[PDB]
Amino acid sequence: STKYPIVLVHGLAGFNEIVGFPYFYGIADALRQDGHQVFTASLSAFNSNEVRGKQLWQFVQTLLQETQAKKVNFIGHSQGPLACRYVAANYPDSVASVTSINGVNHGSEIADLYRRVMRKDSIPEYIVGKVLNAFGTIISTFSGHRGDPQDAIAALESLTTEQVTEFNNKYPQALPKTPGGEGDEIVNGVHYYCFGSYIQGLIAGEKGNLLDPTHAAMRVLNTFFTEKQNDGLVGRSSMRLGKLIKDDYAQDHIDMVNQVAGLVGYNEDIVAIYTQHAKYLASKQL
Ligand SMILES: [Ca+2]
């Protein structure tokens, strides 16, 4: 079991309420079965990465008080690793490690494209239709066709390349020096690790994902990236932070959090990525 408690971090504070199950599907339960102490910070998706960082620091202060641990091990997905990086940069004594899983560490090309769409920047109507349809599909899969089909796109405003480049200028710690490289494993006494994935193979071979309507949507979005290797939301290169563990899983962005409800690609054991890593962290004296 880890020395320091594990804090799972993601955006969409309302997820569990709206969807009816956790964002990290099955993962905290699996970790606890392995003896680790585990908490989840579900951060505000519709605001900036610095607002989420501040929220996460308030949560961490409260958690450190309740545990008497001196530090935490963050495991973030998507928006999560940026808020984790804010806390590690500002409050390194409180952070043992930052593990980023498909983090939007250098921006999302699909957030960039939506911004070109939102602003009417000469994107053809057929592309607009396919992007909005894909977003709607994913939204409605999770919300049970309940509610608005675009609103939750507000989450991408803080994930554009422009916004994330600004964030990275403030919080450069552990980023790669060469695009597509790795960062330093230890920066200011904090350990940084990354995982990622990119969509691979023809859709008919996907197994469980053939029952998950979000997968084909992710595949539509994947086709609009300049970076070929992408998970539907973020390019493989953009995920990099600290030391690479593994990033060639054949998984879309939400497959990597075991979604929807354990429907993932190729019979891969997503939860095992996390439990194996928690053992690795414990092996590093974290
Ligand atoms: Ca899936």
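Scanning segment 266-279 for residues being crowded, with 18+ Cβ neighbours inside 10 Å and either out of contact with any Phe, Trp or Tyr (no Cβ under 9 Å at 6 or more places or on another chain) or of a type outside the set (A, V, I, L, M, F, W, C) (or both) gives a total of 4. Among the residues of segment 109-135, just one is without any contact (Cβ under 8 Å) to a residue 60 or more places away in the chain and of a type in the set (S, T, N, Q), namely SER122.
Residues of segment 17-60 that are closer than 21 Å to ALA89 by Cβ, in contact (Cβ under 8 Å) with a residue 60 or more places away in the chain and surrounded by fewer than 19 Cβ atoms within 10 Å (Cβ to Cβ): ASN47, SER48, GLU50. Kindly check whether there is at least one residue in segment 159-166 that is under 16 Å from the mean Cα position of the chain (by Cα), within 15 Å of the ligand (Cβ to nearest atom), buried (at least 24 other Cβ atoms within 10 Å of the Cβ) and over 23 Å from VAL95 (Cα atoms). For segment 159-166, residues under 16 Å from the mean Cα position of the chain (by Cα), within 15 Å of the ligand (Cβ to nearest atom), buried (at least 24 other Cβ atoms within 10 Å of the Cβ) and over 23 Å from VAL95 (Cα atoms): absent. When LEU263 is tested against (1) of a type outside the set (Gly, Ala, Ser); (2) in contact with a helix residue (DSSP H, G or I) (Cβ under 9 Å, 6 or more places away or on another chain); (3) surrounded by fewer than 24 Cβ atoms within 10 Å (Cβ to Cβ); (4) assigned to a helix (DSSP H, G or I), only condition (4) is not met. Among the residues of segment 143-188, the ones that are within 25 Å of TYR23 (Cβ to Cβ), assigned to a loop (DSSP other than H, G, I, E, B) and of a type in the set (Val, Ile, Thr) come to 1 in all. Pairs are defined by a Cβ separation below 7 Å, a sequence spacing of at least 6 or placement on different chains, a first member in segment 251-264 that is charged (D, E, K, R), and a second member that is part of a loop (DSSP other than H, G, I, E, B); the pairs so defined are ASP252/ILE199; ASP252/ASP231; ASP252/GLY232; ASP255/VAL264; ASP255/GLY265. The one condition from (1) within 14 Å of the ligand (Cβ to nearest atom); (2) surrounded by 15 or more Cβ atoms within 10 Å (Cβ to Cβ); (3) among the small types (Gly, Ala, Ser) that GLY201 does not meet is (2). If the condition is being closer than 17 Å to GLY76 by Cβ, of a type in the set (S, T, N, Q) and either away from the ligand (no atom under 12 Å from the Cβ) or in contact with a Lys or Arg (Cβ under 6 Å, 6 or more places away or on another chain) (or both), then segment 244-275 contributes only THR275. The residue list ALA282, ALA217 contains one member that is small (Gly, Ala, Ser), over 15 Å from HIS106 (Cα atoms) and crowded, with 19+ Cβ neighbours inside 10 Å, which is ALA217.
Only one entry in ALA111, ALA96, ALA89 is part of a helix (DSSP H, G or I) and buried (at least 21 other Cβ atoms within 10 Å of the Cβ), namely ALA111.
The single condition from (1) among the hydroxyl-bearing types (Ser, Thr, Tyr); (2) within 21 Å of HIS253 (Cβ to Cβ); (3) surrounded by fewer than 17 Cβ atoms within 10 Å (Cβ to Cβ) that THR137 fails is (3). For the subset of segment 204-243 comprising residues that are over 20 Å from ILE123 (Cα atoms) and without any contact (Cβ under 8 Å) to a residue 12 or more places away in the chain, which member is nearest to the ligand (Cβ to nearest atom)? My answer is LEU210. Of all residues in segment 61-80, which are surrounded by 23 or more Cβ atoms within 10 Å (Cβ to Cβ) and at negative phi? Selection gives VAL72, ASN73, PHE74, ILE75, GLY76, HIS77, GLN79, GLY80.
Because the Cβ atoms are built from the backbone with ideal geometry, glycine has one as well, and the counts that use them run over all protein chains shown. Rule-based calculations on the coordinates, nothing more; no lab input.
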